[PDB]
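Below is one structure, written out as structure tokens; the observations come after it.
Since every read-out is calculated from the coordinates, none of them should be taken as a lab result. Because the Cβ atoms are built from the backbone with ideal geometry, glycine has one as well, and the counts that use them run over all protein chains shown.
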Amino acid sequence: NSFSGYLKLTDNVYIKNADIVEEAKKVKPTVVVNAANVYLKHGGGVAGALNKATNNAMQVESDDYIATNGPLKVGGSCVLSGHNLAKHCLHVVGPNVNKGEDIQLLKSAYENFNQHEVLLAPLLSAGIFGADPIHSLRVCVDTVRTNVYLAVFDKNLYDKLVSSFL
């Protein structure tokens, strides 16, 4: 958990302008969070990037999880191997607000983070699921009570988040 160059936003929430895949490789955190869908199909965005960095081992493992357990619920999670990225990957499903899932489920999604003392994570629902990222950060801050290190790759967004949260 050798996190470097983060800016503390609140007593437990930290942020860096960085690629989560590169952070995971440098730090090999205990837990990296994936922003997943309910069937754990890692076809793009952060999920696609994390899976690619595992050379598809994450996807094969995820398919086996679904074979045993069925799909996750929106706002739910499961813990699988982190392979070369982390000890564990916490796959968390935020709401797909652009397909009508309730934004209030973003609180339930972030509540999964509280099962782990320290996490490297992206913002949830802030890619193609369509939630405003600043809103997603505000829910993170209000909900997570463990120590979360957020990697935000887009500097334009990072600068807006730091401006809004100090």
- Please state which of the following conditions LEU9 fails to meet, knowing it meets all the rest: (1) in contact with a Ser or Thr (Cβ under 6 Å, 6 or more places away or on another chain); (2) in a strand (DSSP E or B). (1)
- Query: Is there a residue being of a type in the set (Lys, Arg), within 21 Å of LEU166 (Cβ to Cβ) and over 10 Å from the mean Cα position of the chain (by Cα) anywhere in the range 140-153?
  - Reply: yes
- Message: Whether any residue in the range 135-149 is buried (at least 22 other Cβ atoms within 10 Å of the Cβ), in contact (Cβ under 8 Å) with a residue 60 or more places away in the chain and on the phi > 0 side of the Ramachandran plot is what I want to check.
- Response: no
- Message: Please determine whether any residue of the range 135-145 is within 25 Å of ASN1 (Cβ to Cβ) and out of contact with any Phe, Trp or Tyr (no Cβ under 9 Å at 6 or more places or on another chain).
- Response: no
- Do the conditions hold for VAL162, that is, is it within 23 Å of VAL21 (Cβ to Cβ), surrounded by fewer than 23 Cβ atoms within 10 Å (Cβ to Cβ), in contact (Cβ under 8 Å) with a residue 40 or more places away in the chain and in contact with a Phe, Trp or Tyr (Cβ under 6 Å, 6 or more places away or on another chain)? no
- Residue in the range 32-51 that is among the polar types (S, T, N, Q), over 14 Å from the mean Cα position of the chain (by Cα) and farther than 20 Å from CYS140 by Cα present: no
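Could we say that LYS52 is exposed (fewer than 14 other Cβ atoms within 10 Å of the Cβ), out of contact with any helix residue (DSSP H, G or I) (no Cβ under 7 Å at 6 or more places or on another chain) and not small (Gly, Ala, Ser) here?
Details: exposed (fewer than 14 other Cβ atoms within 10 Å of the Cβ): yes; out of contact with any helix residue (DSSP H, G or I) (no Cβ under 7 Å at 6 or more places or on another chain): yes; not small (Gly, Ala, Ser): yes.
Yes; evaluated as a whole, the condition is true for this residue.
Go through the residues of the range 121-128 one by one and say whether even a single one is within 13 Å of the chain's Cα centre (by Cα) and more than 22 Å from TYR39 (Cβ to Cβ).
There is no residue in the range 121-128 that is within 13 Å of the chain's Cα centre (by Cα) and more than 22 Å from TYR39 (Cβ to Cβ).
Out of all the residues in the range 57-86, which are outside any strand (DSSP E or B), touching a helix residue (DSSP H, G or I) at 6+ places or on another chain (Cβ under 6 Å) and closer than 15 Å to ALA36 by Cα?
Pass one, the range 57-86, residues outside any strand (DSSP E or B): 57-76, 82-86.
Okay, now just the ones that are also touching a helix residue (DSSP H, G or I) at 6+ places or on another chain (Cβ under 6 Å), so 58-59, 74-75, 83, 85-86.
The answer is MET58, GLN59, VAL74, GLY75.
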